[PDB]
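Engineer: pasting an experimental structure, sequence included:
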Amino acid sequence: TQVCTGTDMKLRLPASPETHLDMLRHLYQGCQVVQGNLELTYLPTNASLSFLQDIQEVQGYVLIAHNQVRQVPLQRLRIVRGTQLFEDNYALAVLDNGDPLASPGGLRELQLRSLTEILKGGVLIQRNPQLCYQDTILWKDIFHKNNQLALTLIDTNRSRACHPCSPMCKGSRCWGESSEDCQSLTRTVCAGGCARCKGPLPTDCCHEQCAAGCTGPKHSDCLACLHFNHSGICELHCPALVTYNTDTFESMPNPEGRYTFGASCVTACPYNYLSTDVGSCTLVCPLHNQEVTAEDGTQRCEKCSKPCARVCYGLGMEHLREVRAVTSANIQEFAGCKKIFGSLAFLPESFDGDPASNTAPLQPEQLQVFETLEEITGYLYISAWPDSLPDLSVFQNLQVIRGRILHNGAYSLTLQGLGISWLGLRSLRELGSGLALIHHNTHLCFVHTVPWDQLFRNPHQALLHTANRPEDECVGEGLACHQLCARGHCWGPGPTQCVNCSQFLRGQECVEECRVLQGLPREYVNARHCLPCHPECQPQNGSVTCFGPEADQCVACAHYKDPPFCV
Amino acid sequence: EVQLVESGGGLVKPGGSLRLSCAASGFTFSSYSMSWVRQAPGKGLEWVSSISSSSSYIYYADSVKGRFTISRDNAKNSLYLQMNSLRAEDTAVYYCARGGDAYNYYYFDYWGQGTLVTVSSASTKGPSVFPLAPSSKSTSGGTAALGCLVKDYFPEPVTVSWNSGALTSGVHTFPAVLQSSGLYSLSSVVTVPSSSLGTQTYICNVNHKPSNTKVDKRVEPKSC
Amino acid sequence: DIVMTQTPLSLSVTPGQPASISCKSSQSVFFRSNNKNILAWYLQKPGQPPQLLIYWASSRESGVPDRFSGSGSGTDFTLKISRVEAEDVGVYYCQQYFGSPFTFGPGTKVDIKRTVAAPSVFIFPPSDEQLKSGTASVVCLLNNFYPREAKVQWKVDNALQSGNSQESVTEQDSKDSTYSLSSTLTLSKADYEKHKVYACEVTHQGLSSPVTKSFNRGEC
Ligand SMILES: *[C@@H]1O[C@H](CO)[C@@H](O[C@@H]2O[C@H](CO)[C@@H](O)[C@H](O)[C@H]2NC(C)=O)[C@H](O)[C@H]1NC(C)=O
Ligand SMILES: *[C@@H]1O[C@H](CO)[C@@H](O[C@@H]2O[C@H](CO)[C@@H](O)[C@H](O)[C@H]2NC(C)=O)[C@H](O)[C@H]1NC(C)=O
Ligand SMILES: *[C@@H]1O[C@H](CO)[C@@H](O)[C@H](O)[C@H]1NC(C)=O
């Protein structure tokens, strides 16, 4: 894979550490440009980290913290753009990678051989009692010319004194004791006021649009682009989607035009991303923009005619920006809502809260608000749910959890600590992006019965699961799917919970035969749904009772025939 | 003030070796980008090699690459050049030159006097000096000439002054000329007023350094 | 390899007249980062090392007077000298320091155009001291002349000596802009002692007709 999405967990103890290694692999393996923040936290000594090998670029910040690991192999990493920064100021953060209390553990050598560039932000290296050479580096050289206010705060306390760097290095400047870890300079050595260079001479100066240095003066030859890679060439802006006429200023669509996606000019946006009016590939539309689905591809954003007719916002958006959970003080905002622009979080607060005081608990019946809901643009998180409810049937008609905002930057569907006995998400047929985490739900069966592969939309995605009721003991009680669930796939017991109903449907229920020849109301079939006839159509003996729904389309009228209808 | 004095030139048989050494003074040597520029006799200037202030950046020309090795000792204000596997082509003056600001701009703003390096398997021989006795055949009016001829020496070069450097006005030492025998010859000459010929003494100071041959030769008129 | 072209190779001008030398480079020497061309100019005065005239293709060094001014851009440059003075004599070089390998141009030899000046002609027999050693060297001197071009003919008893005699000229003088010429006729002891009249004919533009200085062997 070319690109991957990063995270935003940021020093939080991961709620199931047994998963945590699997998540990092699924997310960062194969990938070369980490869009988001590269967060390697709470990693054990042994941890196989070979999946981080190919990382060349980090859009955001790099956080290596609370790790017992001997070394992290980010050797190919050439640039961090610092799109956001840890603790407001730090593009790189190496914190608390020791043993507190083979022989020792903790971070020994940094090994950032290639890390030539840090556009925005500073560096923070503290409390790493086996970390060496942190001292030696000329950090000033690594920061870009523009930010260079870019402060550093390096702590140098150790429990071993270190080797010197291999004498091959010019000054004592290295990422490790090996000769191949000498910190070759780029910025602070060049001729004139060069952005960056491959050597101290004028021919050795890089193009204005190169970033992490270069292998020659051309705009092709950059180790990374400052602004955008345009089909092999570094440029300041992508070719716009629309040319304008000399006189009229009409939209003459650019044959060679591209969209901005990260640091790349792109012919069309990736799967879950929204095409923008301006021509970007965003995950949330701009101000004065409306989310629209067109007949041409995915959803796109648009400059509105009227101050865009408001559509039901969720958490992490507009007036619920910094609310952590759906509670009894905002449950009735979601009434009647077909689609929620944002996310939903259910916490132990929401059901057992009275903290801040006076705010009443949510009742199980108040949750039926969401029965209308078909789509969530963001994530679903549930760390708490009432005991009385055995499932998440409230979200029965939830179909698409897109996850353009993901929990801790990773998890779209998060279910933890619940005591629900089956899932119930019977309409759920897509997980747009992000990982699914279902864990420590003591009672939950019907997890090994959902074909999660069919929900996912890119190879990074996966389900992670532990400490739920195991399917050996579920099937031990004899809890299979219902007969009529094709390929035995279901979200719970009974005939309502199939993913594909193998025969015929009656609203919720999967069914062998409709009531076309015998039964209570007589029924016409349409797209495998048993829909009743008009009630005033006559019941027939050994025959079809109607063409369709209405009274004009009966075989015979039961009481009065007055065309065009029966009555 | 600025001064670069180089040493260790002289004669080398083809295939052998030699080490030039340029001693710097009158600036902070640790903050300057040193180089060697050579000049074959009566030819243009050829860049040989360069080294940065801290020694962290080195370069060579393709004609010398592998054969030559540049180095410096900043503590001892000196620049070195290890020329191995020497050739007829390498025969030239070698000027030690300081650059401009450490390792960025190679202006070469101050140059040494330069050291001559000759590569030939023929051996060293010192000169003889013979007097070009003055023309009392010229006018007593009148202007008269005088000189001394340095003959049969190798390799180059020789210095030739007059009256231990005292007399210098109207003096013309020529450049050397190569002979059949593969030995150099040299005329050193001077214009004087014919009237002072009787009254004042004239002596040429010839110094051929390779052969340790220093001679001072008095120059007098013949009579009848 | 940024290959350096200089034109012309010879320049000869009267002092007070201006004069210029063009430098060309196979690849451009313009540096966008600091907006300057990365060329340098030198004067190698004869009997000296080179001195730096100009860096950045147009900025002078300390000591280098008003007359010297570099100009141009890109690949094509021109060193100019408004009002040439008699001491400016030398060879002028252009160097690039844009990149490895650091290259020079060939050089341009500038001659001072002095008024016409006939040579002072002298002749010197071989020393008795060398004569005993077995070889006899006869030297003819032409001192302080202009222009440089000058024929010198040796004759032993009217026999035109041709082949057995090497010349040498001085580099043009910084003070007076004259040249001086040596001519060294070599004979064996034996051959020197077969002949009576040795002679040295000069022809030169400063003379109204060829001049001859000639000693008779033995005769005071
Ligand atoms: C987990 O760590 C242990 C202990 O450090 C590793 O066992 C080491 O393995 C290496 C490589 O084979 C040996 O050279 C060490 O001497 C071993 N050390 C000890 C203390 O036993 C082991 O490789 C790791 N185990 C797993 C499953 O990754
Ligand atoms: C811009 O993107 C291109 C891909 O379109 C990158 O080029 C690839 O580099 C890999 C790495 O070895 C090669 O195997 C491919 O052959 C390259 N593909 C193409 C189409 O050139 C390139 O690295 C990017 N450039 C910059 C400056 O980031
Ligand atoms: C060691 O730790 C303390 C506490 O963080 C810090 O103030 C001190 O400066 C450190 N010592 C060195 C030598 O860096």
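Structural biologist: Yep, it's here. Residues are numbered from 1 along each chain as shown, chains lettered A, B, ... in the order given. Ligands and ions are numbered 1, 2, ... in the order given.

Engineer: how's chain C carved up into domains?
Structural biologist: C:1-113, C:114-220 (curated CATH domains).

Engineer: how much space separates residue C:171 from residue C:148?
Structural biologist: If you measure residue C:171 against residue C:148 using CB to CB, to the nearest Å, the figure is 10 Å. C-betas here are computed from N, CA, C, even on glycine.

Engineer: quick one: secondary structure of residue A:140?
Structural biologist: For residue A:140, the reduced secondary structure class is helix; criterion used: DSSP: H, G, I helix; E, B strand; the rest coil.

Engineer: now the spatially most central residue of chain C: closest residue in space that isn't a chain neighbour?
Structural biologist: By CA atoms, centre = their mean, the mean C-alpha position of chain C lies nearest to residue C:171, the distance being 3.7 Å. Setting aside the residues directly before and after it, residue C:171 is nearest to residue C:46 in space (CB to CB, 6 or more residues apart in numbering or on different chains), at 3.5 Å.

Engineer: and for the closest residue to residue B:101 other than its chain neighbours, the neighbour number?
Structural biologist: Leaving aside its sequence neighbours, residue B:101 sits nearest to residue B:33 (CB to CB, 6+ apart; 6.9 Å). As a burial measure, residue B:33 scores 23 neighbours (other CB atoms under 10 Å in any protein chain shown).

Engineer: and residue B:112, by the same measure?
Structural biologist: For residue B:112, the tally of surrounding residues (other CB under 10 Å) stands at 23.

Engineer: wait, it sits on residue C:49?
Structural biologist: Yes. The pair formed by residue B:112 and residue C:49 meets the contact definition of CB atoms under 8 Å, at 6.6 Å.

Engineer: identify the residues contacting residue 105.
Structural biologist: All of this refers to chain A. Contacts here follow CB atoms under 8 Å, 6 or more residues apart in numbering or on different chains; on that basis residue A:105 touches A:45, A:68, A:69, A:70, A:98, A:99, A:130.

Engineer: meant chain C, my bad for not saying
Structural biologist: Going by CB under 8 Å, 6+ apart, residue C:105 touches B:44, C:4, C:5, C:6, C:23, C:93, C:94, C:95.

Engineer: then residue B:216?
Structural biologist: If a contact means CB under 8 Å, 6+ apart, then residue B:216 has B:164, B:203, B:204, B:205, B:206 as its contacts.

Engineer: give the pairing partners of the helix or strand containing it; include direction for each.
Structural biologist: Applying DSSP states H and E as the criterion places residue B:216 in strand B:213-218. Note on strand B:213-218: by DSSP bridges, its sheet partners are strand B:203-208 (antiparallel).

Engineer: which residues are contacting the partner strand?
Structural biologist: Applying CB under 8 Å, 6+ apart, the set of residues contacting strand B:203-208 is B:126-127, B:129, B:147-148, B:150, B:153, B:157-165, B:188, B:213-219.

Engineer: let's see it at 6 Å
Structural biologist: Identification of contacts with strand B:203-208 by CB atoms under 6 Å, 6 or more residues apart in numbering or on different chains yields B:126-127, B:129, B:148, B:150, B:153, B:158-164, B:188, B:214-218.

Engineer: and these, which of them are in strands?
Structural biologist: Counted as lying in strands by DSSP state E, out of the contacts of strand B:203-208, are B:129, B:148, B:150, B:153, B:158-162, B:188, B:214-218.

Engineer: from those residues, list the buried ones, please.
Structural biologist: The neighbour-count test (16 or more other CB atoms under 10 Å in any protein chain shown) applied to these identifies B:129, B:148, B:150, B:153, B:158, B:160, B:161, B:162, B:188, B:215, B:217 as buried.

Engineer: what number of residues lie near the residue nearest to residue C:171?
Structural biologist: For residue C:46, the count of nearby residues is 14 (other CB under 10 Å).

Engineer: hmm, it is touching residue C:172, no?
Structural biologist: No. Here residue C:46 lies out of contact with residue C:172, judged by CB atoms under 6 Å, at a distance of 7.3 Å.

Engineer: quick one, helices of the chain?
Structural biologist: With no chain named, the answer covers chain A. Using DSSP state H, the helices found in chain A span residues A:17-28, A:139-142, A:348-352, A:452-455, A:471-477.

Engineer: other chain: chain C
Structural biologist: Counting by DSSP H, chain C forms helices over residues C:128-133, C:189-192, given from the N-terminal end onward.

Engineer: to chain B, which of those lies closest?
Structural biologist: helix C:128-133 (4.2 Å; CB to the nearest CB).

Engineer: what parts of chain B come near chain C?
Structural biologist: B:44-45, B:47, B:59, B:61, B:95, B:105-107, B:109, B:111, B:113-114, B:130-132, B:135, B:145, B:172, B:174-175, B:177, B:187, B:189, B:224 (CB under 6 Å from any CB of the partner chain).

Engineer: and these, which are buried?
Structural biologist: Neighbour-count burial (16+ other CB under 10 Å) is assigned, among the residues of chain B next to chain C, to B:45, B:47, B:59, B:61, B:95, B:105-107, B:109, B:111, B:114, B:130-132, B:135, B:145, B:172, B:174-175, B:187, B:189.

Engineer: mind checking which of those land in strands?
Structural biologist: B:47, B:59, B:95, B:105-107, B:109, B:111, B:130-132, B:145, B:172, B:187, B:189.

Engineer: for those, which one is nearest ligand 2?
Structural biologist: When those are ranked by distance to ligand 2 (CB to the nearest ligand atom), residue B:59 comes first, at 27.6 Å.

Engineer: who touches that closest one in this structure?
Structural biologist: Under the criterion of CB under 6 Å, 6+ apart, the contact list for residue B:59 reads B:50, C:100.

Engineer: for it, name its beta-bridge partners.
Structural biologist: For residue B:59, the beta-bridge partners under DSSP bridges are residue B:50.

Engineer: and it, how far from residue A:398?
Structural biologist: Looking at residue B:59 against residue A:398, where the rule is CB to CB, the gap reads 68 Å.

Engineer: likewise residue C:49?
Structural biologist: Using CB to CB, one gets 87 Å for the distance from residue C:49 to residue A:398.

Engineer: gap between residue A:493 and residue B:55?
Structural biologist: Noted for residue A:493: a distance of 79 Å to residue B:55, by CB to CB.

Engineer: between the two, which one's more packed in?
Structural biologist: The residue with more neighbours, out of residue A:493 and residue B:55 and counting by other CB under 10 Å, is residue A:493; that gives 18 against 15.

Engineer: and that one, what are its phi and psi?
Structural biologist: Dihedral angles of residue A:493 (phi, psi; degrees, to the nearest 10) stand at phi -80, psi 170.

Engineer: burial of the residue of chain B found nearest ligand 3, as a residue count?
Structural biologist: Checking chain B residue by residue against ligand 3 with CB to the nearest ligand atom singles out residue B:54 as nearest, at 27.6 Å. Here the number of neighbours of residue B:54 (other CB under 10 Å) works out to 15.
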